[PDB]
Amino acid sequence: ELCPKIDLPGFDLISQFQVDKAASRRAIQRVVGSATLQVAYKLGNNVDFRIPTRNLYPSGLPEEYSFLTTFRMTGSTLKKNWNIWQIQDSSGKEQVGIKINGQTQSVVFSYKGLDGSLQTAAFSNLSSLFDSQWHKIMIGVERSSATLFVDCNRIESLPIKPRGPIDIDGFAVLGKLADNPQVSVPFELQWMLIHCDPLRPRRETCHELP
Ligand SMILES: [Zn+2]
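Residues numbered from 1 in each chain as written, not as in the entry; some residues may be left out. Heavy atoms only, no water. Residues with missing side-chain atoms left out of burial classes, pairs and counts.

Structure determination for the deposited model, as stated in its record, used X-ray crystallography, and the stated resolution is 1.80 Å.

Shown next, in the form of structure tokens:
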């Protein structure tokens, strides 16, 4: 449904979560991004960006897709474990998500397996991502693998098990602390996209990361 066979469509999450609107309504601050002409949005601070899961993924996520985002974090945020994006059930339990694990300087892709357990693909050794500068991370979710790209460089590919159904009675939310779904973490957001083409990250360039 979200991604029909056939180029393949993509979804602008900054648009869907109405981040731009919130900035145009003085809810959050807009700042210069990774490059002079780029606009970024400052987050965290107790703005709640969440959308009922049923409103976006009534049938869950497709088998294959890619998640791409350009963001910046600094100070205390660098040591926190937080989900830049995730789908959680009504109680706040993660169904699928992309976690920036500052405690181990790694990025973790979590997903529900066929038996309902939460499986993970942990990409470690990513110290370069925690330097307070702008970075772009992309994850290509394929049939049996998940591949991480950082600043347009292929970093590593890990095997992943078949995805099971997810609970859709919750919400898709942005920048929430890994342990507490009610706590937002401050960070700057410049781009966030979910694309139907799992190989979408391969044709991305990073000229905007001076
Ligand atoms: Zn539930």
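(A) Just the state of the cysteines, in detail. Applying the stated criterion across every chain yields a total of two disulfides. Linked covalently through their sulfurs, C3 and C196 form a disulfide whose S-S length is 2.0 Å. Residues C3 and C196 share a disulfide whose torsion about the S-S bond is about -85°; that sign makes it left-handed. A relative accessible area of 21% places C3 in the partly exposed class. Among the residues examined, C196 registers a relative accessible area of 5% and is labelled buried. Each sulfur of the disulfide joining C152 and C206 lies 2.0 Å from the other. Here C152 and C206 share a disulfide; its torsion about the S-S bond, 85°, makes the bridge right-handed. Highlighted residues: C152 in the loop between β11 (145-150) and β12 (153-159) and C206 in the segment after β14 (187-195), separated in sequence by 54 residues. (Disulfide = S-S within 2.5 Å. Buried < 20%, exposed > 50% of the residue type's maximum accessible area, 1.4 Å probe, protein only. Helix = DSSP H or I, 4+ residues; strand = E, 2+ residues; numbered from the N terminus.)

(B) Local environment of the sheet that holds strand β8 (residues 106-112). Reading across the sheet, the six strands line up as β4-β13-β6-β7-β8-β9 and stay open at both edges, with antiparallel pairing between neighbours. If you trace the sheet from one side to the other, it starts and ends with β4 (50-52) and β9 (118-123), each paired once. Strand-to-strand twist of the sheet, defined as the mean angle between neighbouring strand axes without regard to direction, takes the value 15°. In the sheet, β8 pairs with β9 via six bridges, with the strands oriented antiparallel. (Pairing = 2+ DSSP bridges. Axes fitted to C-alpha atoms, helices over the stretch in contact; angles between N-to-C directions.)

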